[PDB]
S.K.: 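Have a look at this one.
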Amino acid sequence: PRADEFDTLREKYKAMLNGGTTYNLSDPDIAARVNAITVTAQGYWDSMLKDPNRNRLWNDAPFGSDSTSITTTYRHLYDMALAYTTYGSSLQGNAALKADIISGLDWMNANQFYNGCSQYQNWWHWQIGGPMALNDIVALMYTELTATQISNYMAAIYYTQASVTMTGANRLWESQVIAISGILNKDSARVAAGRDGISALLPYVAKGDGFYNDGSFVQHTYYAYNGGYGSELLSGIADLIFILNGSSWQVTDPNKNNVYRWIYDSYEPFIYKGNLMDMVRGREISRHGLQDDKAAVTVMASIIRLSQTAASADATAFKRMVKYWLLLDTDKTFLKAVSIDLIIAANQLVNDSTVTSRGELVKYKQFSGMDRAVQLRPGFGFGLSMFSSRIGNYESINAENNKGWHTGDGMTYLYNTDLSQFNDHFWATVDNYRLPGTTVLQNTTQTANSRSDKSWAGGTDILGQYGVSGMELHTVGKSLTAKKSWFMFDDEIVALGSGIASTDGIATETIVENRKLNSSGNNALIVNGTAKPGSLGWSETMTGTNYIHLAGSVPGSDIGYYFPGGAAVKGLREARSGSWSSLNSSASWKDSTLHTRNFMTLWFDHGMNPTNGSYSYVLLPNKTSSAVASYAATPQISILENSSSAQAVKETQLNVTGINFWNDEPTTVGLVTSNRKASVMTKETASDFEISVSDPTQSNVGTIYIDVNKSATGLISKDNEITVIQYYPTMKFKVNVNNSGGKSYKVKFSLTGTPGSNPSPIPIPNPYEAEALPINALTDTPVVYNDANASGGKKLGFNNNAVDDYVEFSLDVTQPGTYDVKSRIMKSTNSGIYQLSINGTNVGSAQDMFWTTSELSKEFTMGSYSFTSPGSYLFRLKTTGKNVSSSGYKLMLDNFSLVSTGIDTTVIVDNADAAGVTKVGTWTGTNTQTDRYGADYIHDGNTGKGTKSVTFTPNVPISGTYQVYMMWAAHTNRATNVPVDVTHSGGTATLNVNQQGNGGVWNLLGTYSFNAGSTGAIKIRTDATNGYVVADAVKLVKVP
Ligand SMILES: [Ca+2]
Ligand SMILES: [Ca+2]
Ligand SMILES: [Ca+2]
Ligand SMILES: [Ca+2]
Ligand SMILES: [Ca+2]
Ligand SMILES: [Ca+2]
Ligand SMILES: [Ca+2]
Ligand SMILES: [Ca+2]
Ligand SMILES: [Ca+2]
Ligand SMILES: [Cl-]
Ligand SMILES: [Cl-]
Ligand SMILES: [Cl-]
Ligand SMILES: [Cl-]
């Protein structure tokens, strides 16, 4: 404390920089690093400008106008300082080196970097790059410095980097710089400010920049970036936690535990055998020195750092996964890249037998927050790269990632034992016009940094192992559009496309494969069981293709391709040359060295201007040629449909079905019906049936109704937002997907046992409280106010400014029917004139909602509407004008009610009529009066009195009160005393009717309570009748 706690931290930090006071120099990995450190230092020492008159310290870092020279100079000084303090270095303790380092620092303090200096040009080098490197130098050289020197150097850093104010990675770097200077300058307040700076980076987010609960990381607002920015956040945070850990300024924020979760959720799934998946690395795929295997290193390092501070369970889990990856790293990618400290940590870990390798990871995971998906199975990994109206196609800024045009066009990455597939200059040689999985216009580009006008991107999953994803492609700046779906099971991936349409006048292509080959480029390509030529230059349009086998450059990397129904597949085996400069021509990364790599490219040609093109193929990784053939003969998958309406695949071994629904209309495929865009997956067993549902559009604020065409006995389990509607004879449920963020909702039904009870019918949830209705669209934000006179004690105050302003709600109409639509409006001196529409159809005329009279509220009848199917409906209220006495165009909406109408409840029974009439005795029909109802009527022929009867049994829709009418054929030969029974709820009534009068009209007999069903009857008897008895029709009319 005041010296020694700082001393302790400083020593801990220095040991991170140089590996510690002592270590095993017989460890060849350590030895190689020590040498590398020594050589580098000698390099910059040799090139250093050393004389009093100097104007810079190195020529490659001139001063005055480019602030990069600040960082460059201090990094050079750091390298020298490193060798100076590195145990085992032939330059360790070198006095001349020491003197040159220190003179360099004092020169910088006198000329370039000091408290009060001019911060010309680029801010970053003054506030972050420089201080960061200066901090490190001072850490190493501390004991060799005076207090006055340390004071000066720190005063400069406090000057350029005074407080934390920025966001994302800048904020992190602010925090590191501030924390480390604090430690070096023995300034507790400054260290605490450093510690506090990272808190704002810790919470999860649901939109915009940061980490998402689903594992996504987004940066630059719209880009999948776990491998880019998120990677550097993880690094700095894991380091700050490690340094501060145990100290007075240790990280206490409970959110710090999110950083440990990030590993399980945001990193582990994206590291395949030492390769950080390129689809989450954004623009960084264009950095030659930072290919996927190199990109993985910082994450592995961060995980090791996190294990040193993690709780027991996590530390164990972390060490196990890192060990796994290190054991795979036969060419020492990691060991040759990191500091001695990490070499020590890494080696200790692989030599520790109490830590066992984690092994192969097996899981499926949907990253809905960044339009990504990962399938990890035994033998392969599969990455899926999409974009939507939420996520940009790819990022290209500062002349980086220049050829990334199609990297988000539904691109597929297949990972296997060929660890180098996407490194070893994959990106600088591959034909970027034909990236795997994508559907594109041939040899074209696409505007960068753009989102599509399509929201359908995402998917759902089951058992945490099987998944289905989809993307409605619409190339930006092009007409090209397509529906692409992926179905990922135990050992196959099915890819389907349809609705492929373009008017761009260019041949349209879908890329099945574009694989990098061995150095010969001779990997055997076997097609329909027949070997093709293995020589470079090979090119064919292969028709009637059933299956293909491409042999892997390394055991475990064969790939099979099955083409359901056969396909015309174009093929090309060629050598390709290019340099990284094409992808990245920024100052830092420009590299023009040419490279030549070999590729096998397989694709579909949909031709020019397709109107409704399609494709289907099945990836069969890690299978022999004969196994591939074997699969083709008896496929374990069945494509149920592949159209623009839906795309569905069932794996018949697993009995897992995946379905993508493309339209917001009722749609049926397989056993499943959906009334909304949805991604759905089912798992069936002997004892149960499970369904997974998601809204990939992420913009449904209402419900999704699902039917499953199979009988269930009851419920086993369900997520919250599921509402079971029926078990038998068919499964019925709905999902409330408002604010879903594209996540998945699951329900599991029982198929055996004794049937339980079906759920009771779900009546219309009247009233629909405005204050609690999900809003689907609006022009002006409404506010809820409290009011004891309002339904639910709350009303919704519209703030509508002008004509055509609207608010559109989503209501769950749980029972199909024709309903009269009413709304309860609270009195307000500011009440406009509104027009209701439902689903784009106006209902009724516009209603002037203003009034001056006494009452606090009124019930407006907007009008009638027919809801043919149960589900969500959009009720829109549009400002159309205003009463002259109104303040403006606002409104105080309390609720909606849907009331039934005669259309639903009124019942008519004619004498014929095939159902509802049962006669007794012989009745005679005729057409002779036109006293109405139907063609004919019947009569008893004035004979067989007290023997005959006609019983009208109506089907009462809803229990309630019903007016009972009757019509008949009147004349003069009719009976005047026709006895009529009305059997209703509660008993039976009897009256006589005079049928020689009031014919042709509906005659009110009475008004009674009836139960829903057929327990009520209206009988006409003939007992004691003084004339002809006519039977025609009855009509029940509900009241009110
Ligand atoms: Ca700052
Ligand atoms: Ca490696
Ligand atoms: Ca299978
Ligand atoms: Ca065919
Ligand atoms: Ca979202
Ligand atoms: Ca407005
Ligand atoms: Ca209300
Ligand atoms: Ca009739
Ligand atoms: Ca009788
Ligand atoms: Cl010199
Ligand atoms: Cl130089
Ligand atoms: Cl940033
Ligand atoms: Cl409220």
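Numbering of residues begins at 1 and proceeds along the displayed sequence.
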S.K.: Hey, does the side chain of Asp51 reach the backbone of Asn53 with a donor-acceptor pair shorter than 3.5 angstrom?
M.R.: no

S.K.: Side chains of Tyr120 and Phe63: closer than 4.5 Å at any heavy-atom pair?
M.R.: yes

S.K.: What do you reckon, is NZ of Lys323 surrounded by more than 12 foreign heavy atoms closer than 6.0 Å?
M.R.: yes

S.K.: Any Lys/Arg nitrogen of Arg390 or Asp371 sitting under 4.0 Å from an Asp/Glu carboxylate oxygen of the other?
M.R.: yes

S.K.: Please walk me through it: do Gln149 and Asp106 pass side-chain hydrogen bond (donor to acceptor under 3.5 Å, both in side chains)?
M.R.: CA-CA 8 Å; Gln149 289 170 320; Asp106 284 323; 2.9 Å; yes

S.K.: Does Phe367 have its ring centroid less than 6.0 Å away from the ring centroid of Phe270?
M.R.: yes

S.K.: Any donor-acceptor pair under 3.5 Å linking the side chain of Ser69 with the backbone of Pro62?
M.R.: yes

S.K.: Taking only residues two or more places apart in sequence, or in another chain, which ones meet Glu400 in a salt bridge (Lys or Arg N to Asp or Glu O under 4.0 Å)?
M.R.: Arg283, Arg287

S.K.: Using the salt bridge (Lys or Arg N to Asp or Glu O under 4.0 Å) criterion, which residues pair with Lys207? Sequence neighbours excluded.
M.R.: none

S.K.: Taking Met48's backbone N and O only, do any of them form a donor-acceptor pair with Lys50's side chain (distance below 3.5 Å, no angle check)?
M.R.: yes

S.K.: Atom CG of residue position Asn24 - does it have more than 12 heavy atoms of other residues, nucleotides or ligands inside 6.0 Å?
M.R.: yes

S.K.: Is it the case that more than 12 heavy atoms not belonging to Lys336 sit under 6.0 Å from its NZ atom?
M.R.: no

S.K.: With sequence neighbours excluded, what pairs up with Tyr23 under the ring pair (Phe, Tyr, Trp, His ring centres under 6.0 Å) test?
M.R.: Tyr87

S.K.: Mind checking whether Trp124 and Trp173 have parallel, tilted or perpendicular rings, split at 30° and 60°?
M.R.: perpendicular

S.K.: What residues, two or more places apart in sequence or in another chain, satisfy side-chain hydrogen bond (donor to acceptor under 3.5 Å, both in side chains) together with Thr167?
M.R.: none

S.K.: Do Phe217 and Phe211 have ring centres separated by under 6.0 Å?
M.R.: yes

S.K.: Do you know which two heavy atoms are closest between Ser585 and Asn402, and how far apart they sit?
M.R.: OG-ND2, 3.8 Å

S.K.: Is a side-chain donor-acceptor pair under 3.5 Å present for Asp209 with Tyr229?
M.R.: no

S.K.: Using only atom types and a distance under 3.5 Å, with no angle test, would you say the side chain of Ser307 pairs donor to acceptor with the backbone of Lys319?
M.R.: no

S.K.: Once salt bridge (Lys or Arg N to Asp or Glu O under 4.0 Å) is applied, do any residues pair with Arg33, and if so which ones, sequence neighbours excluded?
M.R.: none

S.K.: Counting only N and O atoms by type, is there a donor-acceptor contact under 3.5 Å from the side chain of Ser302 to the main-chain atoms of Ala238?
M.R.: no

S.K.: Walk me through it: do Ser47 and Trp58 pass the test side-chain hydrogen bond (donor to acceptor under 3.5 Å, both in side chains)?
M.R.: CA-CA 7 Å; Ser47 54; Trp58 282 270; 3.2 Å; yes

S.K.: Does a donor on one side chain and an acceptor on the other come within less than 3.5 Å for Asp214 and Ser368?
M.R.: no

S.K.: Which residues satisfy the ring pair (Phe, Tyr, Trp, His ring centres under 6.0 Å) test with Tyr272, sequence neighbours excluded?
M.R.: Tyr415

S.K.: Tell me, please, which residues at least two apart from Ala3 pass side chain to side chain contact (heavy atoms under 4.5 Å, CB included).
M.R.: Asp7, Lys186

S.K.: Listing request: all salt bridge (charged side-chain N to carboxylate O under 4.0 Å, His left out) pairs with a residue in residues 260-271, at least two apart in sequence or in separate chains.
M.R.: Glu268-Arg358

S.K.: Report the C-alpha distance between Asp66 and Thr68 in whole Å, list the side-chain angles of each, state the deciding distance to 0.1 Å, and finish with yes or no for side-chain hydrogen bond (donor to acceptor under 3.5 Å, both in side chains).
M.R.: CA-CA 5 Å; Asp66 192 348; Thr68 305; 3.0 Å; yes

S.K.: Enumerate, atom names and distances included, each donor-acceptor pair closer than 3.5 Å involving a side-chain atom of residues 95-103, sequence neighbours excluded.
M.R.:
unit_1, atom_1, unit_2, atom_2, d
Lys98, NZ, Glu144, OE1, 3.2
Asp100, OD2, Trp45, NE1, 2.7
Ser103, OG, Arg54, NH2, 2.7

S.K.: Give the C-alpha distance, both sets of side-chain angles, the deciding distance and a yes or no for side-chain contact (heavy atoms from CB on, under 4.5 Å) between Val374 and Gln366.
M.R.: CA-CA 7 Å; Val374 176; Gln366 196 91 33; over 6 Å; no

S.K.: Does anything in residues 232-252 form a salt bridge (charged side-chain N to carboxylate O under 4.0 Å, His left out)? List the pairs, not counting sequence neighbours.
M.R.: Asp239-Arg305

S.K.: Under the side-chain hydrogen bond (donor to acceptor under 3.5 Å, both in side chains) criterion, do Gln119 and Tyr159 qualify, and how do the steps go?
M.R.: CA-CA 10 Å; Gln119 304 168 54; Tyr159 166 67; 3.3 Å; yes

S.K.: Among residues at least two apart in sequence or on other chains, which ones pass ring pair (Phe, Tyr, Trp, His ring centres under 6.0 Å) with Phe318?
M.R.: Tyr264

S.K.: Output all residues satisfying salt bridge (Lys or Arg N to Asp or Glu O under 4.0 Å) with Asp136, sequence neighbours left out; order by chain, then residue number.
M.R.: none

